Each structure stands twice: as C-alpha cells, then as structure tokens.
Amino acid sequence: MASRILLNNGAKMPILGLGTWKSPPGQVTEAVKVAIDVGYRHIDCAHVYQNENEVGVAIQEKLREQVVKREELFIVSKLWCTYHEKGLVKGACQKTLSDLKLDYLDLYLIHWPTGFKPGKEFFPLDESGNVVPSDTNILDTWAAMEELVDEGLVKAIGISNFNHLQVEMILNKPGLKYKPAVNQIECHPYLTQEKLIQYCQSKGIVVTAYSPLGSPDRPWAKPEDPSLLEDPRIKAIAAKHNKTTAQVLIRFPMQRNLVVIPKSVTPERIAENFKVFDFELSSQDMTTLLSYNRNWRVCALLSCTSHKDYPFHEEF
Ligand SMILES: NC(=O)c1ccc[n+]([C@@H]2O[C@H](COP(=O)([O-])OP(=O)(O)OC[C@H]3O[C@@H](n4cnc5c(N)ncnc54)[C@H](OP(=O)(O)O)[C@@H]3O)[C@@H](O)[C@H]2O)c1
Ligand SMILES: O=C(O)COc1cc(Cl)ccc1C(=O)NCc1c(F)cc(Br)cc1F
C-alpha cells in the first residue's frame, strides 16, 4: 500500500502522521525529532494543544539539519473555536505558523464546527458551565478558511468533527470556492464511523482517524471505560500477525483508505507505530474489527452539548 493519499487540492498527504495532543512541552520536541528520524513526514498539531512552539523547534531543527526538505513534510494544524470570526482567522493561522516556524501549512482544519466567544479562554463558560457561543456559522468560517488558501498561508483547508449534515452544508455552500480536503474525526474499532466515512469518501473528502488507540491518556478517562489496547479480541489478531495491538489498530484505518495519526512521546512506540507498512490485515480481520463498534467516543464534551452546532446529536 502506498504511503500517501491524493487530496482534492492535488497534493499528496502521508497516511501516517504523529499526533501531538497531550504531548508534554518538555518532551514533544524530542518526540517529533525522533519521529522525523524514523520516517514520519506528517505531524498533526493544534493551537489549543499549547505545544506548537515546541513542535516547531523540532521541525525547524530537522529542516536546518537537512534531514528532510520542507516539501517532504505535511504539517497540519487547526483553527480553535474562539477564532471563528472573520477578523480573527488570519491572525490565528499566523500565530500557528509563527509558533511552528513555518511559512505555510499543508492543511488547516476548522477544529470543531462550533464557534465560541473570542477571548483569552479557550472554553469561555457562563456561570452554569455552558460554553458561550459565538454567532458565527460554519459557512462564513469556511469563507475565511478559503481566504487563507488565496493568501498562500495554507495549501489545503478542511474540517474536523463535522457530522454528515455539516459536511453537506459546506459542500452545498452558496459560492463554495474550495471543497474541504479532509474531515478529521474520531475513528477506531469501538467507533467505526461507516456512515460518515462512506459519505465523505463518496464526495472526494479524505478522512483522517484520530484517537486510533482509544486515547488511553485522555484526561477524562474513567477506570471502567472500554480499552482497545487491552481487548483480547484485538490482541488475538495482533498475535496472529506477529504485530502489537497498537500496530493492528494503526493498520486498520490505513486499509479503509483513511489517514491515521497515533500520538506518542515514547521513542520506542513512535518507532513501533511506524512499522505498519509491511503487513496486511485480511478482509475477515477487517470485518471482525469493524464488528467491535459500540459507538463509544473519546471526544465528547458536556459543556458544549447545547451549542447549536455541537456535532454529536445527529446519528452521523
Ligand atoms: N481533531 C480533533 O478534535 C482531535 C481529537 C483528538 C485527537 N486528535 C489528534 O489525534 C491524535 C491521536 O489521538 P489521541 O492523542 O487522542 O490518542 P491515541 O493516539 O489514540 O493514543 C495516545 C496514547 O496511546 C499511547 N500509545 C501510543 N503508542 C502506543 C503503543 N505503541 N503502545 C501502547 N500505547 C501507545 C500514548 O502513550 P505515550 O505518548 O506515553 O507513548 C498515549 O497515551 C492526537 O494527539 C491529536 O493529534 C484530534
Ligand atoms: O479537541 C481535541 O483536539 C482534543 O480534545 C481536547 C483538547 C484540548 Cl487541548 C482541550 C480540550 C479537548 C476536548 O475537550 N475535546 C472534546 C471537545 C471539544 F474540545 C470541543 C467540542 Br465543540 C466538543 C468536544 F467533544
């Protein structure tokens, strides 16, 4: 299987990338350096992760060392919810560019479909704990994203955590100039996403799977939640293939024509997670993994559930 997938902007995107949410700032520079050394060419970032400066130090060092050329890297970031307004989008993108020490992003995503009140706080709340919306909508935010392409700041634009109706709304936007290249969504054997993936793929939108290992370090994990990495059914498939459970979990989305972005700051795991291009899951393995769906989400957030554009009320 090829290492990159063709996007609807004409560029190629590496199907494996390194995630950076929760990567501590004192560890992520080395993590990204190791990743690039062992073959990663795609890094998934976001302003809200609060570590783009440190990710950028690694990228810049590897460019300066001439380990890789800029054209060989595929750097992704995301516009946070408090920057959906017309007059804030460019500055938000530019702050990310400055922190990452780049002159362009390969892909810039609307992080969530919901706009929040601008200000210092990433999650502005009312006194009862509900997020405070902005009156921005996904269509006007999309137009602002299109401007970034036309200014040379980003090579591609896309969306993240958009449900099927929201994707449809973008595709049906009056005067749409650029289609979204990517929809980045949670996807793993407990949240298999057949409906939304099929829809996006049918429209030429590439899907990126986040939390492919079930995000065991998510800060809201409960001791009782289901655990992909410990599921004996998945362990059995891994054992049959002489691979680790994590390697199976990463290979799974790859064979569905998805991009996948496992996170690690552990050098041995960063390397392990990249060693997924030399084995194949059978069709039976794939269908078996799909059968584990239980509609379980890592990423959901009670404080945001009443926002008009919160994505997870719809079935898909
Ligand atoms: N667009 C969005 O809204 C959104 C939401 C969630 C995630 N994302 C992106 O997707 C990335 C991945 O998702 P995620 O961070 O939620 O979780 P994940 O990649 O599913 O899991 C990361 C966890 O798995 C551990 N791990 C990594 N490789 C392992 C291996 N080979 N064996 C055992 N454990 C391993 C990591 O530990 P160590 O790091 O300690 O090794 C970390 O605790 C994020 O970092 C972010 O870039 C985007
Ligand atoms: O959103 C992500 O990329 C990962 O999750 C988070 C990362 C940070 Cl730095 C802070 C918060 C979260 C989180 O709570 N994510 C879930 C979440 C939203 F952040 C925002 C909305 Br809208 C819905 C939702 F489920």
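Count begins at 1; order follows the chain as displayed.
According to its header, this structure was worked out by X-ray crystallography, 0.8 Å.
Backbone N, Cα and C atoms are what each Cβ position is placed from, and that goes for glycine too.
Close to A2 (N-acetylalanine) in the fold, though at least 6 residues off in sequence, lie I15, each with a CB less than 8 Å from its CB. Feature annotation from Swiss-Prot assigns N-acetylalanine to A2.
The Cβ of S3 (phosphoserine) lies under 8 Å from the Cβ of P14, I15, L16, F277, each on the same chain and at least six residues away in sequence. Look at Swiss-Prot and you will find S3 tagged as phosphoserine, backed by similarity to another entry.
Its own atom aside, the Cβ of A271 (NADP(+) binding site) has 16 Cβ atoms within 10 angstroms in the protein chains shown. The feature NADP(+) binding site is assigned by Swiss-Prot to 10-19, 211-273.
Within the same chain, the residues at least 6 positions away from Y49 (active site, proton donor) whose Cβ sits under 8 Å from its Cβ are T20, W21, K22, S23, listed in sequence order. If you look up Swiss-Prot, you'll see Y49 marked as active site, proton donor, on the strength of experimental evidence.
Taken from Swiss-Prot, the feature site 'Lowers pKa of active site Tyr' applies to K78. Every protein chain considered, the tally of other Cβ atoms within 10 Å of the Cβ of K78 (site 'Lowers pKa of active site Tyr') stands at 25. Under the three-state DSSP scheme, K78 (site 'Lowers pKa of active site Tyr') falls in the strand class.
In this structure, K95 (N6-acetyllysine) is part of a helix by DSSP. Per Swiss-Prot, the feature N6-acetyllysine maps to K95 (among others).
If you take the C-beta of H111 (substrate binding site) and look for same-chain residues 6 or more apart in sequence within under 8 angstroms, you find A46, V48, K78, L79, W80, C81, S160, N161. Secondary structure at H111 (substrate binding site), as computed by DSSP, is coil. Annotation comment: Swiss-Prot describes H111 as substrate binding site.
Around the Cβ of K222 (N6-acetyllysine), 6 further Cβ atoms fall within 10 Å across all displayed protein chains. Taken residue by residue with DSSP, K222 (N6-acetyllysine) is part of neither helix nor strand, so it is coil. Per Swiss-Prot, the feature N6-acetyllysine maps to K222 (among others); the stated evidence is a large-scale study or a structure entry.
Residues or ranges marked as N6-acetyllysine in Swiss-Prot (evidence: a large-scale study or a structure entry): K263 (among others). Listed in sequence order, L18, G19, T20, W21, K22, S23, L213, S215, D217 are the same-chain residues at least 6 apart in sequence whose CB falls under 8 Å from the CB of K263 (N6-acetyllysine).
For the recorded positions listed here (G10, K95, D231, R251, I261), the lowest count of other CB atoms within 10 A around the CB belongs to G10. Annotation for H241 (NADP(+) binding site): same-chain Cβ neighbours under 8 Å, separated by at least 6 residues, are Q247, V248, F279, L281. With a cut-off of 6 Å between Cβ and the nearest atom of ligand 2, the recorded positions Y49, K95, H241, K263 reduce to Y49. Cβ neighbours of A221 (NADP(+) binding site) (same chain, under 8 Å, six or more residues apart in sequence): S215. Ligand 1 lies under 6 Å from the Cβ of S211, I261, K263, out of the recorded positions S3, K95, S211, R251, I261, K263.
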